[PDB]
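Subsequent text provides structure tokens for two forms of one protein chain, presented individually as structure 1 and structure 2.
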Structure 1
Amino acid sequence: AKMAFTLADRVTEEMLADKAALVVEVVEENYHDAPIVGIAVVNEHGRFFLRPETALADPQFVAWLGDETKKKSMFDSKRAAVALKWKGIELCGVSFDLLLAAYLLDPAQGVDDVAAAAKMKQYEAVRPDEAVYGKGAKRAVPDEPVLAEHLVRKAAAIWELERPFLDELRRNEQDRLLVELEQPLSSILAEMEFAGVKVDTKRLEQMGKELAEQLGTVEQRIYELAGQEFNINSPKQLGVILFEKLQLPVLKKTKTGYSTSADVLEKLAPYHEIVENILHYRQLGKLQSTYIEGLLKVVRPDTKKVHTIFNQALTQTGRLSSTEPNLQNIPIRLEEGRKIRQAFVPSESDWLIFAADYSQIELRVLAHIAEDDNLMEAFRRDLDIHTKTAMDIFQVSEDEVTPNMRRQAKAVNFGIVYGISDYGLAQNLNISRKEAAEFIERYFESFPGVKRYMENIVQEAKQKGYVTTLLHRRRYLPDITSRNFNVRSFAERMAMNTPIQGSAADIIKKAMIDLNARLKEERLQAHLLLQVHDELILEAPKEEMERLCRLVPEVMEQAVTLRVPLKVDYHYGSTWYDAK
């Protein structure tokens, strides 16, 4: 299996044509400040492999990379863009990214590499990266001959697959989704990742100190309630303490030992006070491991910055995902969890963090999509939506809504959006299945448009095979025809939830693109740093705050026009935590 190409020793004008498939290979999984091991270029003139040291030191080549008029087709261009940003080289003109095209054609695929995407179109003349490099630790660059051929086959595949992918995207009415949304966003994400976020390691270490102190106490406490010390993290030792020493009841028999899962422990809670201590201890432990120890681990020793990597092609909802660190999973139910946000500070003196968040964007999207008169009117009145749901559902006046009622109505609102089952809600509210089902029925009685939407979207998913979002993102649901109840239910739940969550993701993405552009038209140097949940996080000189207070919400509120207003809450402060 050998494909022909020129193992070039110098850059030639031939390699700089105005349309090419380009491969700028970074083998390290985390591409920040990582090595570029080789370059492959395929165009109308042939196939070329270029040694990095040579290519990247060539003025004409670098000029070609940054020339927006020289079009490039790539796979995961953000990875190459960032790797080059760290070398002071700007990559421009990427008009087609195979990874994002594959992601939009079928987010369920999991397209890890060029080989995976190619398989989508019966193209197999390229090997999977893992085959060439190895897995995890073995992931090592091979000798020039083997590396050169792989990169060339990867470039050759992109060159061939561009048209068939664009044709299907066009068929699907997703051509603009790729060109106007996902691709432009990819460049913005690269800028964000490259910029990084400064971390106050002194504050983080102090928080970790306090955390360890807190853990020591709940642990000592558990030991006191157990009457002895034991490895709390040993499921075997724990099971013995709970179900033999303390003689708590075994809720559901397991083939081996006893189960001490969070679910069982939650159900065991009413039997002994040691149970809640253990659950708390586990939470605190998980916070320490990922947000004290794990975070400190990815802070650059020199700049004290953290450079997240967004995975723009992971979720089947369309929402962004990030890792190393994964800042979207900072536990905000836990006080010690939300404070972790105090560790993220401006990257320059006299700068501040500005954070803007969409309020109830998913419910507002549901109101729009379902065209539910009652829900639309509520948002048009800017009512507290949870108090309103409680009023309807429990049939009381606003004055009669108690904190407990609002909390339960809040859970119901989230459940409806989630496409939750009576059993799922029952679990969330710690009530029976019949009681939760009753809440859902009263909800659909008060919100008939939402009821009709939920019913109809499931049958549409059955008829078409997929559901779509505001900007035409699609999610195929082959499992929906399964006779297995859990499998089928899961799919039906996705038919209900995806158009809502996905449309919210579409809006946030468009807002980021519009915002990036407006900030430049307004001559501000403020820039995006992070995107988490329904929040956009930026940093900027203190002198730009007043202008940002008007600009950010305006851009976000105007990203898309719905049947109800899009509400934004915004604040700024000296830390991320304080920008609230």
Structure 2
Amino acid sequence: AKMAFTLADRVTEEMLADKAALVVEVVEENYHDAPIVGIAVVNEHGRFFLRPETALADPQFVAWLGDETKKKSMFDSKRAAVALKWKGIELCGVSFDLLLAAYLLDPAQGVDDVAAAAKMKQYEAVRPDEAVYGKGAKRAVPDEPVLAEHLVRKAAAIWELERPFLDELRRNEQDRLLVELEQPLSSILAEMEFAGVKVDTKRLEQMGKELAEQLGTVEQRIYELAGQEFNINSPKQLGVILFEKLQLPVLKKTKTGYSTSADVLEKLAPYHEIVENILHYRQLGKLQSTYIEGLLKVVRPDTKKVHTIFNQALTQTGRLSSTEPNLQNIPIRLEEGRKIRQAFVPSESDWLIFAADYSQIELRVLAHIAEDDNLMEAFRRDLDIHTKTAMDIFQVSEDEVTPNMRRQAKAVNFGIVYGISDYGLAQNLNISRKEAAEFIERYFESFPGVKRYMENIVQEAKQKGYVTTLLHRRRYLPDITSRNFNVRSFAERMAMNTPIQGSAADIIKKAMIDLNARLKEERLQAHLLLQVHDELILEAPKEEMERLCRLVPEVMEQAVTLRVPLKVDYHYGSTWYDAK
């Protein structure tokens, strides 16, 4: 049953046809400056395996790789493109990426290897990577015979599956989504990851020292107030101290013991001085372990840069995710944690950080899709949407909106986008279910178009079996027909939320593509560093700021044309923190 192929000792002409399935294997999960363990090529002339030392040193092979007219079909081309960038080799001509294709066809499948994608089309003549390389401590590259056949079988699957995947994408009217959006974005993300973000490690280290001091102080204060010492980090010793020794009330229970969520502690604060200290302790600890020590662990000691990896084929809504490190969840809400951003700086002298963010893109997308007259008019007037919502649901003039009213109207706006729920809104605003229901009821009275949309999108999900975004991304919702209330309700919220979060993802992704095209046309040195769902972070020479102030927001605002305007705010400074 073995698959035939040539284990070549040198590169030949027929290995360089203008159409081929290409495998450039990088086994390390984090592919930055990682080894390429083997190469496989399958084309009209046959199947070939090349040793990387040989192939990557061959002028003709390297030229073929960089020739845009020589088309390649691959799986996770970004992984290969980045691994090659670290070796000074350009990868061009990737016309089909099976990972991205499978992702667009059904993100729920969680396709993360060629075998998983192949199974979608009843093709099983290829092993899962885990089966070949093992996992964890036992992970390892097998001997050449085993490795070579696996890479050839993967290239063979890609070669065979391209047509069936493209045909289904076309039927789904997602072919342009793959070819004009996700694949071009893949190359942009590769450049971003490869460029990396410079880190002021000395500043982080100083913060770490100061935190260590405060942590020690607070820690001592906690033992003092508790009358003894214990591991504050343990959800058992703390449970005993709080709810047993100190007799604090048990307002919420996890599943295995006492719950100590920040929300639970906030309520217990009035009863004992130890509570506030525990909260403070955790927040400092969160900064220290995750944003100081954790960040320092992944900074490259030679360049002092962190090279995140944007997973482009993971989220069920079309958003990207970020890992090692996650640069999409850096503190900003609280000043103490916000200071962490002072550590992210430009990669060159006299360059600055430029950050642009969409203003309420999700609610603007909702206004567009629901065609709600009131919500559209609000954005056409560019009103403070939370104040406007408060005015409508509480029936008062702008001058009469109090801070608490705006705060609650804001929580309603979030609930509406997430997939409204009286129970969910109740928990969030610490109020009763009927009280939350009253708010929701008032909201729909003020925005009947939104109510219509929520009712209709749910019915549509049931009829078609899936919901779609502006650019045709889709999410299947089988649980929408479940006879279990909780399971069905979750699917209904997904039906309501996915077209919104997903369409916002579509828009910023297109904005990134348009932006890069503009930066190149203008020959600006400015380049993208990060994307955080509704914001783009760039770095550029100080001399380019004025041009960026006009170019970036315009490109982002014009990415798509909706029934309401899109608005983009921007700021720039010496550090990410200052780009406020």
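All residue numbers here follow the sequence of structure 1, with the first residue given the number 1. Each form is matched to the other, and the largest set of C-alpha atoms that superpose within 1.5 Å is called the rigid core.
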Legend entry - Structure number of the form deposited with the DNA bound: 2
Legend entry - between structures 1 and 2, rigid part of residue 113 equal to that of residue 244: no
Inset, instruction - May I ask you to give the angle in ° that the smaller rigid part rotates through, relative to the larger, between structures 1 and 2? - result: 15
Inset, instruction - Quote the shift of the Cα of residue 327 between structures 1 and 2 to one decimal place in Å, the two forms being superposed on the rigid core. - result: 1.4
Legend entry - Cα displacement of residue 211 between structures 1 and 2, once the rigid core is superposed (Å): 2.7
Legend entry - Per-residue CA shift, residue 261 (Å; core superposed between structures 1 and 2): 5.1
